[PDB]
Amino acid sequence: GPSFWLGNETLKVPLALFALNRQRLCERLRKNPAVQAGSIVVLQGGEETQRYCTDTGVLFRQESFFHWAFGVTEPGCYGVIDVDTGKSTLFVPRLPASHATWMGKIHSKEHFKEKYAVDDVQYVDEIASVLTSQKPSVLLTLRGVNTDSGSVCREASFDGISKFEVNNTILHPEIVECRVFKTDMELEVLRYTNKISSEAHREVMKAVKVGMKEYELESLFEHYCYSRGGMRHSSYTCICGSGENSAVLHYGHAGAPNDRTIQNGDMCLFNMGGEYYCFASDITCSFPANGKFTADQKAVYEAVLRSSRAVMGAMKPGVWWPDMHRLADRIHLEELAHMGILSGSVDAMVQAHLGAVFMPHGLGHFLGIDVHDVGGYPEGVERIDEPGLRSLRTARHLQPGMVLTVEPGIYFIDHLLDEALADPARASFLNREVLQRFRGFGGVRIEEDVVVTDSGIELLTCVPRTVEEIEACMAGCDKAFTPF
């Protein structure tokens, strides 16, 4: 069958990937006792957008559920799936003649049918007529709440949909559940996104020099990913935190835009991941700007390396993700105590939620077509109302086929440290005089992407991780990849 490919050494992604997703969705819907025979799934793709009121086009990136089902890159499409037969129909815009001048070839419907390996292709303006002739019992549309954004998924609509019976409740939990479990074809894509992003992280580690701006490495990362990987998009805005900025979890956005000069003695925390054909990667590397860990940097870094590998070593089916988060907290506390930042009973520190002062985010999250992938909190799975754990993006137990980030970190965040020092239940553990030295340190995060297997995990990421490996990487002369 056909494949998506951006040539050179980029990955060929078979369109059969999306056919399998459609089949899996139908199989799941058929088993749902509420689903009527003759149902049709109706999804609406993303549309082209512009900046504000201008004609400045925004580069189009497909809506994630639509992509998962169809792999379609063009704006303005719809797609439907007959549940009982699995038959797929793509609806594409009927373009005006002037499109050939301004935008490119006006492809035939047959071109799209071949390209996407769907059963039929029709024009968008005929959607009501086509669906009417199919005589469906009900249209199943997409509406639900994303548990990371709190946004409501946009339900498909078209002129004449009011003449059909529409259900917008059944589909969302079923298609979400399908997305939670990655097929072998999807895993091949995620191995590739991890491979390219890993290579780009290594190039960044080799290129970092004291005196550079953070954004110079953002630029280099994205250039490697696009030119060598065919990754036109990143999975999220690059986080290139140097010095104290490494304590800011989503640093790099427009309000704090990777604009600090990297200084001798800084730690760097670079959390970046290219996106290929709407599939994510999400990797964090932490390292000294000057290529040599100080004693304090080594101690904090190796604490996080310890939790990283302890969590990865414990992960397997049946493990409760919140238990892995707590495992990381306990390790961090043990190590911070060894360093002299903390004193006293680690059991008591855990009871006082001290771990969350140093790791005020979730241990990690599902990853797929979105970096914070869907399905972390389906109905019946509750968010734990405690510091740190409440920021977990899933409280599920692990099962084969899930893809997770494993991203423990330790940070020195003044307002959290100050709150802890004011609370007698936590202050007794904190040694102010030692902690003082780490004010402004920033933090360390080590983030791998892994797949749960029948017996454990498969690690997708491949970057240097021990202190020696990182120092050796940064000292290498190779000068492969030299723009200009």
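Residue positions are given as counts along the sequence shown, with the first one as 1.
- Mean CA temperature factor is higher for 80 to 88 when stretches 297 to 305 and 80 to 88 are set side by side in the entry.
- Averaged over their C-alpha atoms, the temperature factors of 441 to 449 and 22 to 30 are higher for 22 to 30.
- Across 246, 261, 146, 264, the greatest Cα temperature factor reported in the deposited entry is at 264.
- The residue among 273, 136, 75, 150 whose C-alpha carries the highest B-factor in the deposited model is 136.
- Among the modelled residues of its chain, residue 44 has a C-alpha B-factor that falls in the middle third according to the deposited record.
- The deposited CA B-factor of residue 58 belongs to the lowest third of values across its chain.
- The PDB entry assigns residue 141 a C-alpha temperature factor belonging to the middle third of its chain's modelled residues.
- For residue 121, the recorded CA temperature factor ranks within the middle third of the chain's modelled residues.
- Among the modelled residues of its chain, residue 380 has a C-alpha B-factor that falls in the highest third according to the deposited record.
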